[PDB]
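Peer 1: So I pulled this structure from the PDB, and the sequence comes with it:
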Amino acid sequence: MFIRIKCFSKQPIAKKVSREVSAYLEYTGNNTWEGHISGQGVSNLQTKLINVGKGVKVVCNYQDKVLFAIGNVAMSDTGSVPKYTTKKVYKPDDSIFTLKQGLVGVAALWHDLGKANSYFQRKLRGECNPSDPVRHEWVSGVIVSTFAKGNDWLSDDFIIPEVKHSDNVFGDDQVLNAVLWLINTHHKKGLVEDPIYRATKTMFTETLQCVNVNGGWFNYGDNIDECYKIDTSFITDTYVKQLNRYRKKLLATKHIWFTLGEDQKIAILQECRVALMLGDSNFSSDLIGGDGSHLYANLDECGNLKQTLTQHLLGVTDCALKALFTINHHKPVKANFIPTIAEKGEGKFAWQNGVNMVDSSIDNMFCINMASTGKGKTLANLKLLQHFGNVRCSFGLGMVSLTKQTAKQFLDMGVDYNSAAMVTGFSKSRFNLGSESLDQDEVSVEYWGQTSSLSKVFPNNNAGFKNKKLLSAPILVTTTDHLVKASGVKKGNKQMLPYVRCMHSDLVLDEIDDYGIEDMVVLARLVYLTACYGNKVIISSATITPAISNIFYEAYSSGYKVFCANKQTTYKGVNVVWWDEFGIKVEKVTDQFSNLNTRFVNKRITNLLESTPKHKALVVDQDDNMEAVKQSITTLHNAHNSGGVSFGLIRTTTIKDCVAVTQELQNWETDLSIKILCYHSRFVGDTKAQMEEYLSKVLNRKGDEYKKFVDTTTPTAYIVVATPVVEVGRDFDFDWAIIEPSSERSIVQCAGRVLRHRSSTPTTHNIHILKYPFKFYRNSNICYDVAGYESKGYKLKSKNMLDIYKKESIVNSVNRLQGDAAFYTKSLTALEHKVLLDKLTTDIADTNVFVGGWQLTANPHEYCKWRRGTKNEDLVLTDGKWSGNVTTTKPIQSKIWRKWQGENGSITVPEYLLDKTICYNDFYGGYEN
Amino acid sequence: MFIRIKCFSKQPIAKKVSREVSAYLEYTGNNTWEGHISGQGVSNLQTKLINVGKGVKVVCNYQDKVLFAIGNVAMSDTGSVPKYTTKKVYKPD
Amino acid sequence: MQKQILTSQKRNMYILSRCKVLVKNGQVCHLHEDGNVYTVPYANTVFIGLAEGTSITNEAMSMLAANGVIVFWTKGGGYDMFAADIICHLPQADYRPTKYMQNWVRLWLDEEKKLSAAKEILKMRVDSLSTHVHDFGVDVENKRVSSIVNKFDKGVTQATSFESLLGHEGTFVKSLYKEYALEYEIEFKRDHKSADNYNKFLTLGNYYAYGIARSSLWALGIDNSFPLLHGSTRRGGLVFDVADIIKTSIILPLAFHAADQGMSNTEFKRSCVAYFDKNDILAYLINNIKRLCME
Amino acid sequence: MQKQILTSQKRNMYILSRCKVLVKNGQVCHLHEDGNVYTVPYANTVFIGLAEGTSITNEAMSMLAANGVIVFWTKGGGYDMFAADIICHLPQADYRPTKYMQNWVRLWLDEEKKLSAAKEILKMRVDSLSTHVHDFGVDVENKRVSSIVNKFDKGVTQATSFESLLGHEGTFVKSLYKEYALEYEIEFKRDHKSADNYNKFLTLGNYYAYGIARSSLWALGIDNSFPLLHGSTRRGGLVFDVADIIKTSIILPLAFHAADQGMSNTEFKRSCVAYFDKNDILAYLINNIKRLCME
Amino acid sequence: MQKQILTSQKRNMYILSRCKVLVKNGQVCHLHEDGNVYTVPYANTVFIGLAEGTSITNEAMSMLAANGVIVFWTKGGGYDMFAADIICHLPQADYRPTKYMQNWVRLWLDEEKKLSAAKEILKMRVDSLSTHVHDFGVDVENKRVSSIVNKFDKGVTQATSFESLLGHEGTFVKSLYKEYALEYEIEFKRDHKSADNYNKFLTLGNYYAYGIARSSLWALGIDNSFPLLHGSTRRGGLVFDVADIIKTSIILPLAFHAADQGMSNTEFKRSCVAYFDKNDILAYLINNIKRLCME
DNA sequence: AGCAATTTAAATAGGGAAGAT
DNA sequence: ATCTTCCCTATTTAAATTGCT
Ligand SMILES: [Mn+2]
Ligand SMILES: [Mn+2]
């Protein structure tokens, strides 16, 4: 590897970086180094070139592509190394940036006018309840609305009038309404409980007129008259001139505001709100010290009076203005040019040369990567990102362990920690034992990286470790919940960090089908927000349903419409890149996405069907599923075994179902040597982790290394009874599976856990589908709702899987890929597709995906909750002693193959099952006994 | 013929030689030019690099051997381009 | 300027994209829309090109022309099949050698002499293939390429009309383009308005060969306005004969290799510089028109 | 220093001549008498030889040894005829991995295991020949080299002692010296004291392969006092035993090519860096000596 | 400055600081800081050391190595050496490992001499305790310390395996730690990660002990990959095993005195090297390794 | 619009002195 | 001695402005 490093630096920051860059490369003179070094040498040079201080101006070239660029060095657009760069390059009708500046400046000088009431003064001094009857943002909104109703609010002297209690402060003037919504929602968004309003309201002001004081601001309301008697000590020199210059800025630019569309207004006001909380939290974090008394805004850690309200308003204004400037004029730090990506894929990765069919100069890209598992999907996503140049992306993945797997792939192929940042925000205690030096695994949290210039506008220089890893990451391999808060939050400033993260970075969401329906709705909201700033969305899901692919394209198309009309460019359409392991297709799609997507789906189906059938599923006829499991285990051991040894996966639905199947199979008298494992999610930290590592090392069938992790000498049935934790994110390879039916994507995923690593075709049948789910004996009205898309609004007419599924069927992604809306009441696949198009629709609703008008409100974050689960309290095992109503028990010790013990950790119990003892056990975790 | 010209010059004698050396070679940045040219192009570049005045500090490399060295530039004894250049070196009998 | 580098030994080669071309402090440079000023070596430049969003000034054009750099503008194609119109500023202030134009005129006006020159220039692409052999792509001396160039030479030997030359021209272009398509395992159709990389790399090489051909013709004073091959489809001037002498030998395998390896356009620019410089394709074209003119 | 480039993954190697090596601003840099201070990439350096007229401070050795750079001197016993003591300081402050010493000395003490290991390292000569081919010199697959490699293998298979081994070395090296010389049309007698380029380039490559071999030894912890070849003219230890794996495959073809193609000492030195990092010879010798000790 | 260290019997390990070593009038001298030159007699020295502020030249290096004066580079103090070559039987006449080295290897190989040498290294560690009596430290003749000594002597003499010797060695070492903690009125528990004065002072004193044991192992040519107590996978375990002899006899009382009076690190370094120079601790380790390896 | 003259100023290089090891 | 830190020391680059064509 031959590199060349050039320095642009002034100071002796052309000198103390010269020591480190002259420790690793030869000096060719004139502050230019050039030579041969290894990739780990590149990583070491990066780590000790960035850590040496601020102001390092370093460009590296590997062959002729730029390896890395330290700082905001413009470096190369076409040629490299410019001459002098001075000022005044373009200076356009910027319009919408002047609009955002005027809105943020006018609102930020009015965002805390409502702290001047006597209640907030005695709240800061501390002789009343610290919770206000009406929040000060609403009081400042009442001030601004009363001033606007009285005088002309855009060109007049200010003077705060006598204000009363107003239920609504939103009128008709679109720009005033924007300023009012920025003022009122500078801490939290208003929440609308009204069902008719949630049913009908769509527009900007027409929804904003329904935002009343009862949506969170009106806490208790007994001291309203003191909350609206206000002093007017803000009339000073610099506050009045700042208010005048920003109001006239808005006055001069609001003529382009009425030429915007609804989508524009929503996205622009979201940006304005994010910059306003950025400036407000930035000025509230630091201590300024000086004060002019008689009025105060915030308190220090000692509770003393600080940050008087005139200079508080001025500081929040300038900090929000500077926030806006750096978030709207940033050339963000991108990743290194990974040299182990750009070469050809060989063999089964040979489809990854589809990036040589995509244009490298497209400003936008919507990848739908429909490639099957085991083909290197995430490597292909990184290849697609690097085809357009240097990489800046957020790999948002479900589960901690899947982020760990993608991080380990990124580490061992070409990516160091100067470009990658693995973020899992829980600090799990799963450590690697055996040998620390001989590990060559366990990707960790260090991020030598490079701190971006956006950290100076965040509160108190961003944060410590976690938010520095969030914001400053070129490549952010993260759990997805660090990105879905970009679309907005209930309370606080947790929106700004993923918002500013997704503003300048691409978004790569892998296996989006494993998320929930509301989770997928907020993920497509994130896709729309990412496309709002021209970034590229890579979706990587093999079993995509047309509905999902369509609504994600429509979210990207609305976002790219926002980005196109935001830079005053005519919208040519979205560069959609359909991708699988058989080919690629790049089309400029502005309309008719459905026929092209279904034609690619049909081409992928015909490229999947002439291949040999790997998963032949038979739906059993035996009604009782206990003895159906027995007979199917006996049949698939007598048919599918490797010299007497067979691996079976009993995929069931819930935990007590799993322990019921386990306790039946343990007490089942047979000549077969059944060896039973329980693989559900309710387990203690230690025990769970141990199951994972063992299962990953015994079900690895790409080699014969497993022969030494199990007793393959004696003919044995190694059976793993598992819940849907096996069908998501597990690289497992079973000889056969017996599936309790809950949803068709569960069938396709548990087919993907059988012969995942081998290529031998089954002869007779490798999957035995149960006749009924076990909830049929508990609830015959609805049985597929647990881990399925059946529900109270979408009920199957019959629950028989002979009626709702094929008796003999080759299970692949084809049934999920096709998409059928008719006959959803008597087939599982059409039931699935129905729900997917009836929840992820092209409407705005309130919990929908095109959400417009409601982004202003708190409604999409309350009624569409990301990871909406049950109450979930956590019973914690502390050194062998349980906390709550747990009561350790003893398992049946009949056929347990492996049982790992646990002493620490915690189990997640729903509040429903907290009533009784969860009865934790070493073999199977939680049950009802 | 592929050459590479580096400049050691102070003054705007890093500037008015830059016009002539940027008339004949592409600019690779950091006062270093590199590109393909003919031998008569080398002769023309020499003639209008030397005649431009006194203080021209130009080293040219053809492949890896030094093509020419304008001035008393120490340039290369083994490696090329020193760094912390100084005075006081040997001081013998 | 002493002895300005003979045009045939001029080496630098650019097509400037999305930058206003100007002069700072003596040298011709181009300034992009981010503040970056990259200098142009005008004494060694063969041609510059101007893509969308480009804007050159007066004294920059003067310093290119008086030094002898042919300058064109890439856009202008508006038909469905043809590279329609490329606008090209000739440095005529340098007074040109004359008798090569007289020889070209004495062969152009005589119809049987134009046909004879048409003959030799059609087999000139055949010998271009034989001389300029790449390390990648196809091998020239295989059975299929030799069979098609043998059929081409046999047909162009017995040809007697320019429309027969146009037909045989079409079968030659279809034969080569499709054989390269077969080698690189793609389906290929030559459309100048296509998003596929094998096509816009071919249009970029069309612009590159256009610039090479006007520098070769201007180095001997030959105008584009004397096309020895003419027709309804083939109406571009002499540049659409001295430019596509070197498609199927130089550009089209290089365009297919660049669209197969699939990095950006700049590696294709630099590869065109490298192959036009290493094998001296400009001096090769000039010397071929030299042995054309005096025979 | 974080992880520090693995010493097989260091690519820079130097032999400095007529300079004062010191540390400026924490920089390993050699200063000549003309006032020129050239830095050295000490965290990427494999070795720094020091020729006549050289000098180095303490701190330069301190931060070369902390970065794992082997420093030797080309005088003393560096006349290369006796090859007794080329003064070669190693960084033993770093506590090296031990297991290669253990397997190496288990086979050393056992004389039959030493004889077998010597045969493996003698076969590594022809292995090096086959792996590292050169396109500017002797083809390895011609009849003379294949015949002499076959004769060398059939002689070293039936070998009984180290005196028999010493003789097979005479044959291989001397006749490969000669075979190159007859193909390079030069009457050549190997002489370390000779002035012709065919010998000064050979001694420079001897020092370069000395540095590569000694860095490969020290990497594994292997010393030099445990050689596999014992003889009257084989004074010098294990570093020459590792180094003469890559005379006739690398050092000798590069030296012969250099002399024939009139390279200067500087470019021969560089050609040596290019071959030692393009084929990754340091990792080759390190992995192959792991194959040698192993059990 | 100029510093003399007796090592075996008659040869002296010269340590040179703040001086420039070169050749004057045909023999090796060095200019010192005061501008006064000092020569060196070749007969009385074999090891010559280059401390901080010291540069040597090439012909001085060559003439020093041709006179049997083998040079090493060390951090200032003379007992923190980072660069040297390997002792042979003779520096010019032949290249053989030293008798001490070979004896060590043979003793290490056969399991019985390895066990006997492990017992012996602990016998001489108890001897070291008594031999090097300090003033500020605890009395070695005290009843508790003598009981610990006799417990260690019984445990080493009655043991037949290495892990028993490791448990007994840890018991003795931390029992002396407990005794010195009982002296200096502190709760002392040995951990490397603590930032208190006693633990970090003992850590850097242990690093000084590792340096002087490394010099003593190098000076008889003993390699750093044959530990007696520590495992085969422990990198540089023989340095730790030899430094164990003086860790609890010299480093521990000096470190506890240094943390008791609380002075800084450089003056603890000068106290450690003053104790090394005054009582000839390196010469004690040299004679210790001779008596171990000779048996 | 490019440039030139010409100021203005920020920074780069170097030498001497003193303090560390 | 070697090397580092810092203070002169002024020498040396980059920007800035502005008539002039
Ligand atoms: Mn507030
Ligand atoms: Mn505030």
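Peer 2: Received, thanks. Numbers count the residues shown, from 1 in each chain, chains lettered A, B, ... in the order given. Ligands and ions are numbered 1, 2, ... in the order given.

Peer 1: Residue A:656 touches residue A:919, doesn't it?
Peer 2: No. With contact defined as Cβ atoms under 8 Å, residue A:656 does not count as touching residue A:919 (10.7 Å). For the C-beta atoms, the positions are set from N, CA and C on the backbone; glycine is no exception.

Peer 1: what touches both of those two?
Peer 2: Common neighbours of residue A:656 and residue A:919, using Cβ atoms under 8 Å, 6 or more residues apart in numbering or on different chains, are A:926-927.

Peer 1: Next one: residue C:128 relative to residue C:204, how far apart?
Peer 2: 19 Å (Cβ to Cβ, to the nearest Å).

Peer 1: what's the answer for residue A:617, then?
Peer 2: Distance, residue A:617 to residue C:204, by Cβ to Cβ: 53 Å.

Peer 1: Would stretch C:183-199 count as contacting chain A?
Peer 2: Yes. Applying Cβ under 8 Å from any Cβ of the partner chain, one finds stretch C:183-199 touching chain A at C:195-197.

Peer 1: Show me just the buried residues among these.
Peer 2: C:196-197 (16 or more other Cβ atoms under 10 Å in any protein chain shown).

Peer 1: how about a markdown table for the residues of stretch C:183-199 next to chain A, with secondary structure and distance to residue D:156 added?
Peer 2: Below are the residues of stretch C:183-199 next to chain A laid out as a markdown table (DSSP: H, G, I helix; E, B strand; the rest coil; distance: Cβ to Cβ, whole Å):
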| residue | secondary structure | distance to residue D:156 |
| --- | --- | --- |
| C:195 | coil | 63 |
| C:196 | coil | 59 |
| C:197 | helix | 55 |
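
Peer 1: which of the residues of stretch C:183-199 next to chain A come close to chain D?
Peer 2: When contact is defined as Cβ under 8 Å from any Cβ, the residues of stretch C:183-199 next to chain A do not meet chain D at all.

Peer 1: Tabulate the residues of stretch C:183-199 next to chain A in CSV, adding columns for distance to residue C:62.
Peer 2: As requested, these are exported to CSV (distance: Cβ to Cβ, whole Å):
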residue, distance to residue C:62
C:195, 38
C:196, 39
C:197, 37
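
Peer 1: Would you map the helices across the stretch 701-850 of chain A?
Peer 2: Applying DSSP state H, counting those that start in this stretch to the stretch 701-850 of chain A gives helices spanning A:744-751, A:801-804, A:814-818, A:828-839.

Peer 1: Now do the third one: which elements does it pack against?
Peer 2: Right, helix A:814-818. Helices and strands touching helix A:814-818, by 3 or more Cβ pairs under 8 Å, 6 or more residues apart in numbering or on different chains; DSSP states H and E, are helix A:593-609, helix A:744-751, helix A:828-839.

Peer 1: May I see the buried residues of stretch A:249-268?
Peer 2: Using 16+ other Cβ under 10 Å as the test for burial, stretch A:249-268 gives A:249-250, A:253-254, A:257, A:260, A:263-268.

Peer 1: Over to stretch C:168-184?
Peer 2: Quick answer for stretch C:168-184 (16+ other Cβ under 10 Å): C:168-169, C:172, C:175-177, C:179-181, C:183-184.

Peer 1: Stretch A:862-879 too?
Peer 2: Within stretch A:862-879, the residues that count as buried by 16+ other Cβ under 10 Å are A:862-864, A:866, A:875-877.

Peer 1: Please apply the same query to stretch A:906-916.
Peer 2: A:907-910, A:913.

Peer 1: export these to TSV and tack on secondary structure?
Peer 2: Output for the buried residues of stretch A:906-916, formatted as TSV (DSSP: H, G, I helix; E, B strand; the rest coil):
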residue	secondary structure
A:907	strand
A:908	strand
A:909	strand
A:910	coil
A:913	helix
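
Peer 1: Which residue does the stretch 751-900 of chain A have closest to chain E?
Peer 2: residue A:879 (23.6 Å; Cβ to the nearest Cβ).

Peer 1: Please name the residues that touch that residue.
Peer 2: Applying Cβ under 8 Å, 6+ apart, we find residue A:879 in contact with A:903-904.

Peer 1: Please apply the same query to residue C:38.
Peer 2: Contacts of residue C:38 by Cβ under 8 Å, 6+ apart are A:78-79, A:82, B:27, C:19, C:29-30, C:32.

Peer 1: now, which of these lie within strands?
Peer 2: Among those, the residues falling in strands (DSSP state E) are C:19, C:29-30, C:32.

Peer 1: just the helices in the stretch 301-450 of chain A please.
Peer 2: Taking DSSP H, counting those that start in this stretch, the helices of the stretch 301-450 of chain A run over residues A:309-328, A:377-387, A:400-413.

Peer 1: Enumerate the positions of the longest one that are buried.
Peer 2: What that stands for is helix A:309-328. In terms of neighbour count (16+ other Cβ under 10 Å), helix A:309-328 has its buried residues at A:309-324, A:326-328.

Peer 1: what does stretch A:471-489 give?
Peer 2: Neighbour counts using 16+ other Cβ under 10 Å place A:471-480, A:482-489 of stretch A:471-489 among the buried residues.

Peer 1: so how far is it off the chain centroid?
Peer 2: 6 Å (Cα atoms, centre = their mean, to the nearest Å).

Peer 1: same question, stretch A:910-922
Peer 2: The answer for stretch A:910-922 is 31 Å, by Cα atoms, centre = their mean.

Peer 1: Quick one: name the residues of chain A near DNA strand G.
Peer 2: Within chain A, the positions near DNA strand G by Cβ under 7 Å from any atom of the strand are A:84-87.

Peer 1: any chance of the residues you listed in TSV, plus neighbour count?
Peer 2: TSV is the format used below for these (neighbours: other Cβ atoms under 10 Å in any protein chain shown):
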residue	neighbour count
A:84	7
A:85	11
A:86	7
A:87	6
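
Peer 1: and the closest residue to residue A:387 other than its chain neighbours, how many neighbours does it have?
Peer 2: Nearest non-adjacent residue to residue A:387, counting by Cβ to Cβ, 6 or more residues apart in numbering or on different chains: residue A:355, 4.2 Å away. Neighbourhood size, residue A:355 [other Cβ atoms under 10 Å in any protein chain shown]: 25.

Peer 1: and what of residue C:189?
Peer 2: Residue C:189: 11 neighbours (other Cβ under 10 Å).

Peer 1: host element of it?
Peer 2: Under the criterion DSSP states H and E, no helix or strand holds residue C:189.

Peer 1: Report the contact partners of it.
Peer 2: Applying Cβ under 8 Å, 6+ apart, no residues contact residue C:189.

Peer 1: if I look at it, how far off is residue C:199?
Peer 2: Residue C:189 is 8 Å from residue C:199, where distance means Cβ to Cβ.
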